[PDB]
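K.L.:
Just dropping in an experimental structure and the matching sequence.
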Amino acid sequence: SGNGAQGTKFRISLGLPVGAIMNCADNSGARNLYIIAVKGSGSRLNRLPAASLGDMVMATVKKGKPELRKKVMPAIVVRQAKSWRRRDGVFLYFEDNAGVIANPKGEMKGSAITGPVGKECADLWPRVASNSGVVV
Amino acid sequence: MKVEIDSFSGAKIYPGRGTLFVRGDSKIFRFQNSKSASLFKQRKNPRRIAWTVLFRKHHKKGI
Amino acid sequence: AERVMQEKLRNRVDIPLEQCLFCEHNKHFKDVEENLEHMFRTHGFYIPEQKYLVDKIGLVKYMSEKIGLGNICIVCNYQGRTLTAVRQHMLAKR
Amino acid sequence: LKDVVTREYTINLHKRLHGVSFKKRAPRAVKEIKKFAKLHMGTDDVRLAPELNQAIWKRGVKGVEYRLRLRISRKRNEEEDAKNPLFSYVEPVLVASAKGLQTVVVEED
RNA sequence: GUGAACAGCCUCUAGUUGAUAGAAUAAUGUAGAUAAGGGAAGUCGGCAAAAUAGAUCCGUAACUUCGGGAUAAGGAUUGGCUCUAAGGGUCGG
RNA sequence: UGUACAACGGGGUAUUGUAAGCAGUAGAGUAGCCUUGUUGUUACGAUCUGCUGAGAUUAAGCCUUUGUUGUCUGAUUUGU
Ligand SMILES: [Mg+2]
Ligand SMILES: [Mg+2]
Ligand SMILES: [Mg+2]
Ligand SMILES: [Mg+2]
Ligand SMILES: [Mg+2]
Ligand SMILES: [Mg+2]
Ligand SMILES: [Mg+2]
Ligand SMILES: [Mg+2]
Ligand SMILES: [Mg+2]
Ligand SMILES: [Mg+2]
Ligand SMILES: [Mg+2]
Ligand SMILES: [Mg+2]
Ligand SMILES: [Mg+2]
Ligand SMILES: [Mg+2]
Ligand SMILES: [Mg+2]
Ligand SMILES: [Mg+2]
Ligand SMILES: [Mg+2]
Ligand SMILES: [Mg+2]
Ligand SMILES: [Zn+2]
Ligand SMILES: [Zn+2]
């Protein structure tokens, strides 16, 4: 996922290839999150760097206020539609791809999040789990 | 352990089987398999489908 | 069976002999010959092997017991609630 | 030696035609019947009553039925000696459903 | 027959059933299809494919040689069934 | 000549989603007849309800088998 995060996280299928576009679930006033990089990012010829639930990404805003636009910033992935398998045996997935903007350490730019967030994200970044609603 | 029940067919759901869907608000739908699942994605009503649990109540089948 | 026998007894419908069965107004004629000629032409009632009949005045009573009490169609098995029903129908699908 | 028989077999064509080319499907059934009857009564010389033909083709090349009820007769070959003294003859039996019928020896008379 | 239709799709009158066959069903292929989350991050270049499409209604921009542009863009409906109303000719005042 | 093999048939197991036929004081209305409607009916009529988680399919590389029928000696070569 990256650094600034508290703990480790179990491997979950990567459902966000670079260039993916997901919604912004906070109040920062952004309509979009566009993914140009991932913070874990193993490095091999030809493989697209892929994010997942709870992973840190470097993104830009295509839709939203001009002040938040046209620059790169860190963000985190709290909902992804490509399903994964938790160790408890269940498969699950969300209805879309959503993300919340965050500084290098993982301190939220926004003070709130819309819609539910995965537990795999919330245990990793407690600053997120703070402003969150119902998890999973 | 926990045996859930399907949010569509009412069928018995054993651990690890099927999928668990998080709807656009809080909602949670758990499917026993891909059959009851896809149906849900076609927006079908569980009350018009012959074999589901919810139907056999509606029509007074069984009892 | 007790409900159909109590509803048929409270309706008191014994259709008389010279009285025509198949038309709504239950026309009355003077003899058993005249409605048996008339039931043939309008409605189409025909008595098979007119040559061989003993009880033909009682083949009239077994048929009026189909539309009389239990109120049944001569062919269908169709059960009217009233004499009107079985009568209205015989005239229906012909 | 072998003796002059008749029987009634249900054949499962459904399984023998499984995954055949739709265009060559029916013609298999013709071979799968001749092979099938060289199984029982290994006569090796098998002939098809053209009614049976109309049975195999009745539904078209792609539409062959799941189950046939087939009357098979072992008989003697004539004149002109073929490698075999013995014969095989398959013809249909007209029946409601091919379902749930057991092989039966039809006693010849 | 469908349908706007000499389109496509099925049938009748007529005419073929003729283009080496059997047995299998590996890789590579040619022709043909489908794919989870992502959606051009591929590539010299959206090359190839995908999506859109018929109709009836509503709506339709800059610009323009005032004719166009324009099916611009962009929305809704479409089965089956029972009904309702409107739409004509000939002959006698 | 077997605790044998097969072809069928029986079950289990699944897939679909409720068959044909019959019946129906279910059914938008429309056209007829009347005692003219606290539920009047008679016919035509998409669909619906009941028998009905019903029918169909189920090994072709599924499981099982006290049942039915049947198969069980052809060819070739090999020696320190
Ligand atoms: Mg490369
Ligand atoms: Mg195949
Ligand atoms: Mg034409
Ligand atoms: Mg020729
Ligand atoms: Mg050639
Ligand atoms: Mg795809
Ligand atoms: Mg998709
Ligand atoms: Mg897209
Ligand atoms: Mg490029
Ligand atoms: Mg490149
Ligand atoms: Mg070029
Ligand atoms: Mg192109
Ligand atoms: Mg233009
Ligand atoms: Mg348009
Ligand atoms: Mg309509
Ligand atoms: Mg049903
Ligand atoms: Mg039926
Ligand atoms: Mg079928
Ligand atoms: Zn009369
Ligand atoms: Zn009748």
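P.N.:
Right, received. Where do you want to start? Numbers count the residues shown, from 1 in each chain, chains lettered A, B, ... in the order given. Ligands and ions are numbered 1, 2, ... in the order given.

K.L.:
Which element, helix or strand, includes whatever residue of chain C ends up closest to ligand 20?
P.N.:
Closest to ligand 20 within chain C is residue C:76: 3.1 Å, counting by Cβ to the ion. C-beta coordinates here come from the backbone N, C-alpha and C atoms, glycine included. If you go by DSSP states H and E, residue C:76 is not part of any helix or strand.

K.L.:
same deal with residue D:15?
P.N.:
Element membership of residue D:15 [criterion: DSSP H and E] is helix D:13-16.

K.L.:
Check residue C:53 too.
P.N.:
Going by DSSP H and E, residue C:53 is not in any helix or strand.

K.L.:
Can you get me a residue count around it?
P.N.:
Residues lying near residue C:53 (other Cβ atoms under 10 Å in any protein chain shown) number 12.

K.L.:
do residue C:32 as well
P.N.:
Residue C:32, neighbours per other Cβ under 10 Å, totals 13.

K.L.:
Mind jotting down where the helices sit in the chain?
P.N.:
I went with chain A, as the question did not name one. Per DSSP state H, chain A carries helices over the ranges A:119-122, A:126-131.

K.L.:
wait, chain C
P.N.:
C:2-10, C:34-41, C:59-68, C:83-90.

K.L.:
now chain B
P.N.:
Here chain B has its helices, by DSSP H, at B:34-41, B:53-58.

K.L.:
Quick check: buried residues in the last one?
P.N.:
Going by neighbour count (16 or more other Cβ atoms under 10 Å in any protein chain shown), the buried part of helix B:53-58 is B:53-55.

K.L.:
can you tell me if it touches RNA strand F.
P.N.:
Yes: Helix B:53-58 reaches RNA strand F (Cβ under 7 Å from any atom of the strand) through B:53, B:56.

K.L.:
Can you tell me what sits against that helix?
P.N.:
Residues outside helix B:53-58 that contact it (Cβ atoms under 8 Å, 6 or more residues apart in numbering or on different chains): B:5-6, B:9-11, B:46-49, B:61-62.

K.L.:
Tell me which of the helices of chain B approaches residue D:26 most closely.
P.N.:
helix B:34-41 (34.0 Å; Cβ to Cβ).

K.L.:
re earlier: ligand 20: which of the helices of chain A is closest?
P.N.:
Of all those, helix A:119-122 comes closest under Cβ to the ion, at 70.7 Å.

K.L.:
Could you pull out the buried residues of the closest one?
P.N.:
A:120-122.

K.L.:
Over to stretch A:39-54?
P.N.:
A:39-41, A:49-54.

K.L.:
Number of residues surrounding residue A:104?
P.N.:
By other Cβ under 10 Å, the residues close to residue A:104 number 12.

K.L.:
you'd agree it is up against residue A:76?
P.N.:
No: the pair residue A:104 / residue A:76 is not scored as a contact, 11.7 Å apart, by Cβ atoms under 8 Å.

K.L.:
Dump the helices of chain A into CSV; add distance to chain B as well.
P.N.:
As requested, these are arranged in CSV below (distance: least, Cβ to the nearest Cβ, whole Å):
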stretch, distance to chain B
helix A:119-122, 11
helix A:126-131, 16
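
K.L.:
Out of those helices, which is closest to residue D:5?
P.N.:
Once those are compared by Cβ to Cβ, helix A:119-122 is nearest, at 72.8 Å.

K.L.:
now that closest one, how far from the chain's geometric center?
P.N.:
How far helix A:119-122 lies from its chain's middle: 10 Å, per Cα atoms, centre = their mean, to the nearest Å.

K.L.:
For that helix, which helices and strands make contact with it?
P.N.:
Applying 3 or more Cβ pairs under 8 Å, 6 or more residues apart in numbering or on different chains; DSSP states H and E, one finds that helix A:119-122 contacts strand A:73-79, helix A:126-131.

K.L.:
Point out the most buried one among those.
P.N.:
Highest mean neighbour count of those: strand A:73-79, a mean of 26 (counted as mean count of other Cβ atoms under 10 Å in any protein chain shown).

K.L.:
Any residue of it touching RNA strand E?
P.N.:
No: Strand A:73-79 does not reach RNA strand E (Cβ under 7 Å from any atom of the strand); its nearest approach is 10.2 Å.

K.L.:
just the residues of chain B that are near RNA strand F, which are they?
P.N.:
B:35, B:49-51, B:53, B:56, B:59-62.

K.L.:
repeat for chain C
P.N.:
C:24-25, C:76-82, C:84-85, C:88-89, C:91-93.

K.L.:
Quick check: the spatially most central residue of chain B vs ligand 19, distance?
P.N.:
The residue lying closest to the centre of chain B (Cα atoms, centre = their mean) is residue B:8, at 2.0 Å. For residue B:8, the distance to ligand 19 (Cβ to the ion, to the nearest Å) stands at 62 Å.

K.L.:
Not counting sequence-adjacent ones, nearest residue to that residue?
P.N.:
residue B:36 (4.2 Å; Cβ to Cβ, 6 or more residues apart in numbering or on different chains).

K.L.:
Please give the number of neighbouring residues around the closest residue to residue D:108 other than its chain neighbours.
P.N.:
Once flanking residues are discounted, residue D:108 sits nearest to residue D:6: 5.5 Å by Cβ to Cβ, 6+ apart. When neighbours are defined as other Cβ under 10 Å, residue D:6 has 16 of them.

K.L.:
list the contacts for residue D:6?
P.N.:
D:71-74, D:105-106, D:108.

K.L.:
Mind checking which of the residues you listed are buried?
P.N.:
D:71-74.

K.L.:
Okay, and which of those residues map to helices?
P.N.:
Filtering the buried ones among the contacts of residue D:6 for helices - DSSP H - leaves nothing at all.

K.L.:
All the strands of the chain, in order from the start?
P.N.:
With no chain named, the answer covers chain A. Ranges of strands in chain A, per DSSP state E, are A:16-17, A:21-24, A:33-38, A:50-51, A:56-60, A:73-79, A:84-85, A:91-93, A:98-101.

K.L.:
was after chain B, sorry
P.N.:
B:4-5, B:12-13, B:19-22, B:28-30.
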